[PDB]
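>
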Amino acid sequence: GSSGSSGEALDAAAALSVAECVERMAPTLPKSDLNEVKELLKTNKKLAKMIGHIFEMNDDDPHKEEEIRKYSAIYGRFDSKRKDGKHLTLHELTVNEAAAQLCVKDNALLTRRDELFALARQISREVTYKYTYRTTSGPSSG
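Per PDB author numbering: the sequence shown = residues 1 to 142.
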């Protein structure tokens, strides 16, 4: 059952744009009713077993990020098999973390695929828009 995971996806500079953008939208973004979704879990089963334990769990738990980061997948996968590798190229790599970071602050987003699918794409295109710094306090000779 598995052995060695992959390396790195995004860059150190690219990841910053995702964490800085997700943290800037959080404040303006509204919160989700945790008490409401709670009762929904006891009523359902697939949702309770899928990402229900995460709702009941705490916030300051290393296991939480491990459960969300793993579940937070729209393009990439969570298992390397065969000699294949056609899933992530560059854009999808950003959409993964772009949404994984949102699921953290918004545990409810885990259920909303359409919403999270539109949010991740927002940051995914933003990072691709710009790249590296051109000038700084004027010209740049070198």
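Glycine included, each C-beta is placed from N, C-alpha and C at the ideal position.
For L88, collect the residues of the same chain with a Cβ closer than 6 Å to its Cβ; drop the 5 residues on either side in sequence, then sort them by chain order.
The answer, listed in chain order, is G76.
> Do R69 and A100 have their CB atoms nearer than 8 Å?
Yes, Cβ-Cβ distance for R69 and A100 is below 8 Å.
> Run through DSSP, which three-state label would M25 get?
In the structure shown, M25 sits in a helix (DSSP, three-state: H, G or I).
> Is the beta carbon of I54 closer than 8 Å to that of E67?
Yes.
> Which residue wins for smallest C-alpha separation from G4, given the options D11, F78, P30 and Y131?
Checked all of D11, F78, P30 and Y131; the closest Cα to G4 is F78.
> Check each candidate in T136, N58 and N96 and name the one with the smallest Cα separation from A118.
The shortest Cα separation from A118 among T136, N58 and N96 belongs to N96.
> Should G142 go down as buried or exposed, given a rule of 16 or more other Cβ atoms within 10 Å for buried?
Its Cβ having fewer than 16 others within 10 Å, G142 is exposed.
> So, for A12: in the same chain, excluding its five sequence neighbours on each side, which residues have a beta-carbon less than 6 Å away from its beta-carbon?
Within the same chain, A12 has no close Cβ partners at all.
> CB-CB under 6 Å to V22, same chain, minus the five flanking residues each way: which ones, in chain order?
Cβ within range, chain order: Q101 and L102.
> Please classify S80: is it buried, with 16 or more other beta-carbons within 10 angstroms of its beta-carbon, or exposed?
It counts as exposed.
> Quick check on the DSSP output: what are the complete alpha helix (DSSP H) runs of length 4 or more inside the segment 74-132, in order along the chain?
Here the runs fully enclosed are 91-105 and 113-129.
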